[PDB]
2 protein chains.
Amino acid sequence: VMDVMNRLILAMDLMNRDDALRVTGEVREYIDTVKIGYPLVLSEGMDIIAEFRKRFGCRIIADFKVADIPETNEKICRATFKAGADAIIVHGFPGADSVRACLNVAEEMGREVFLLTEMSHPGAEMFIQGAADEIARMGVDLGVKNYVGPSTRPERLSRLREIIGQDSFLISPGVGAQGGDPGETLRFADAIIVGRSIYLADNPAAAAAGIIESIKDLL
Amino acid sequence: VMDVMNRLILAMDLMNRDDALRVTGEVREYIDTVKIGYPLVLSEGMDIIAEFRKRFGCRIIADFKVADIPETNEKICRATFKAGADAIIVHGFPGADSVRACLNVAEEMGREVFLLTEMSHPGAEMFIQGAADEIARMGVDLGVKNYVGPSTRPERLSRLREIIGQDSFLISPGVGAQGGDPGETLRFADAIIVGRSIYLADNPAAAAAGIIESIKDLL
Ligand SMILES: O=c1ccn([C@@H]2O[C@H](COP(=O)(O)O)[C@@H](O)[C@H]2O)c(=O)[nH]1
Ligand SMILES: O=c1ccn([C@@H]2O[C@H](COP(=O)(O)O)[C@@H](O)[C@H]2O)c(=O)[nH]1
């Protein structure tokens, strides 16, 4: 499994290259894993991934929530891994063939697929939540070993862990800004994803240090 | 609603700038609306939208299938409209708050949201299909005016048309490569989306001219 320093993944969703690099540099002593998404990539280009690798060496998870047909999913994954991402996050809701397409490219390029099963925001309750256990089972059937579930609903996160087993790797967003607690989330997830609580902080380094301090006994 | 020339939208999913530009230029006399997605954008940058605008008299629909939490959706939409997209495609399955976020940005920035309700690929049957009527009804209640539904399932496309009413705008992918028929799809959809059937042809202009000839009585 992926070895995430301090069990803490930075969600770098600032949309200015100067700010994103500066803030990431400010917290670099605390993390070795950065989650980069569309806010940054669509503002500054996919070349930003190589820039992070050059400046920080961190591993890069592309949170692209891939959710297209199989043929197009393959193209998206290929473009993403070509840009230097170590892993990609894929939606499970569009079905098995769409996930398999991503697994195919990941296998070909030696990278990892993370399956997003239940999302962390309130609207996740409308359609995703009722499908989520089945989506996780589908992941297991497909041989998926990396998963994403919601910090905002620890009971749902726990169920996700139950389904996938202790051997699978599980990361969890919704910590801080969305209301999730770092320590409680780490009862079930291998690592927490944290964005705004760090990158909007007046002092991001102190923010990251504070989070890590709060979970010291879990490290 | 947008006035799509020949009821035909080009899905430009080539991943090389030179190829994408060549093919789009070759079919420009038949099409004034181009759908750009992540295969091209992640390969060549969001600057490709401006370049298409510069080279062609074409409106741009960004098929980004936005599927994040509300706050991140806002950022994605902002980045996409800043780059010059006329419209963005958003997934409905993450729920009402996620869709509303996109609508709010679209209203502020004077652009349009298209709601993707049911997808065209076989895997869409697993989770999306069972939610699709309610996703559509949600769209209607949110005041969504533009929709995307599957050419590959005429019965489902027909039901979607019913739900959204005759005044709503409906575009439909899955024509050609995925098995959908141009004429039958236009019984319900205002415009068809066609990718590979055009852009992989020895003569894209002839392929587009051929599709249009086959629906001539519908124009
Ligand atoms: O169910 C999910 C899946 C992914 N994210 C992503 O995780 C990060 C959360 O950031 P923040 O809430 O800590 O700022 C954002 O990049 C967001 O897109 C979620 O918040 N919830
Ligand atoms: O349910 C959907 C929604 C969007 N698309 C998009 O429409 C285009 C279809 O291309 P093609 O099958 O005509 O090549 C691609 O960009 C694809 O991502 C679908 O195929 N199905």
Side-chain angles (χ1 to χ4, degrees), chain A residues 9-14 35-40 61 63-76 89 91 94 98 114 116-121 123-124 128 132 148-153 156-157 171-180 182 192-200 211, chain B residues 9-14 35-40 61 63-76 89 91 94 98 114 116-121 123-124 128 132 148-153 156-157 171-180 192-200:
Chain A
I9 297 163
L10 176 65
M12 181 34 68
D13 296 317
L14 289 173
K35 188 185 73 75
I36 292 184
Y38 286 135
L40 188 48
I61 300 173
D63 188 3
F64 289 179
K65 296 186 175 62
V66 182
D68 215 306
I69 71 173
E71 147 85 348
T72 303
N73 277 11
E74 292 191 46
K75 295 183 177 187
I76 290 171
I89 295 165
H91 261 296
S98 294
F114 277 70
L116 172 58
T117 64
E118 174 168 350
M119 290 177 70
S120 64
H121 64 297
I128 294 165
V148 183
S151 174
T152 49
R153 301 186 193 97
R156 297 298 301 139
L157 188 61
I171 69 185
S172 183
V175 177
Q178 300 177 55
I192 50 173
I193 295 164
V194 180
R196 284 166 289 172
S197 288
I198 291 170
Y199 73 71
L200 294 185
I211 292 170
Chain B
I9 297 169
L10 175 63
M12 181 33 66
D13 295 314
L14 288 174
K35 186 181 77 70
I36 293 191
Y38 285 135
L40 184 55
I61 301 174
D63 190 357
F64 285 179
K65 297 181 196 71
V66 184
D68 218 305
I69 68 173
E71 183 266 347
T72 299
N73 277 11
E74 294 200 18
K75 294 178 159 150
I76 294 173
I89 297 170
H91 261 300
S98 285
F114 280 64
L116 172 58
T117 66
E118 176 169 345
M119 292 183 69
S120 62
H121 67 293
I128 293 167
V148 184
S151 172
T152 51
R153 296 183 201 102
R156 297 298 302 147
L157 190 64
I171 66 175
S172 185
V175 178
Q178 297 176 62
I192 50 174
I193 291 163
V194 179
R196 288 163 287 173
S197 292
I198 287 165
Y199 73 68
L200 293 185

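Reckoned from all heavy atoms, side chains included, excluding hydrogens, waters and symmetry mates. Numbering of ligands and ligand atoms starts at 1, following listing order. Every chain is numbered from 1, with letters handed out A, B, ... down the list of sequences.
Contact annotation: the side chain of A/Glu71 approaches that of B/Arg196 to within less than 4.5 Å [non-hydrogen atoms, C-beta and beyond]. With contacts defined as side-chain heavy-atom distances shorter than 4.5 Å, the pair B/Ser197/B/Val175 does not qualify.
Among residues two or more places apart in sequence or in another chain, the side chain to side chain contact (heavy atoms under 4.5 Å, CB included) test is passed with B/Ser120 by A/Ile69, B/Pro150, B/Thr152, B/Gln178. The side chain to side chain contact (heavy atoms under 4.5 Å, CB included) check on B/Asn73 picks up B/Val66, B/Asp68, B/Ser98, B/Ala101, B/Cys102, with sequence neighbours excluded. Every ring-ring contact (aromatic ring centres under 6.0 Å, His included) that B/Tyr38 has, sequence neighbours left out, goes to A/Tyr38, B/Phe64.
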Give a table of atom pairs where an N or O of ligand 1 lies under 3.5 Å from a protein N or O.
from	atom 1	to	atom 2	distance (Å)
ligand 1	1 (O)	A/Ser120	N	2.9
ligand 1	12 (O)	A/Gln178	NE2	2.8
ligand 1	12 (O)	A/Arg196	NH2	2.9
ligand 1	13 (O)	A/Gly195	N	2.8
ligand 1	14 (O)	A/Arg196	N	2.8
ligand 1	14 (O)	A/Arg196	NE	2.9
ligand 1	16 (O)	A/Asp13	OD2	2.6
ligand 1	16 (O)	A/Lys35	NZ	2.7
ligand 1	18 (O)	B/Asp68	OD1	2.6
ligand 1	18 (O)	B/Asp68	OD2	3.0
ligand 1	18 (O)	B/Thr72	OG1	3.1
ligand 1	20 (O)	A/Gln178	NE2	2.9
ligand 1	21 (N)	A/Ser120	OG	2.8

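To the nearest 0.5 Å, atoms CG (A/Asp13) and CG (A/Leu40) are separated by 8.0 Å.
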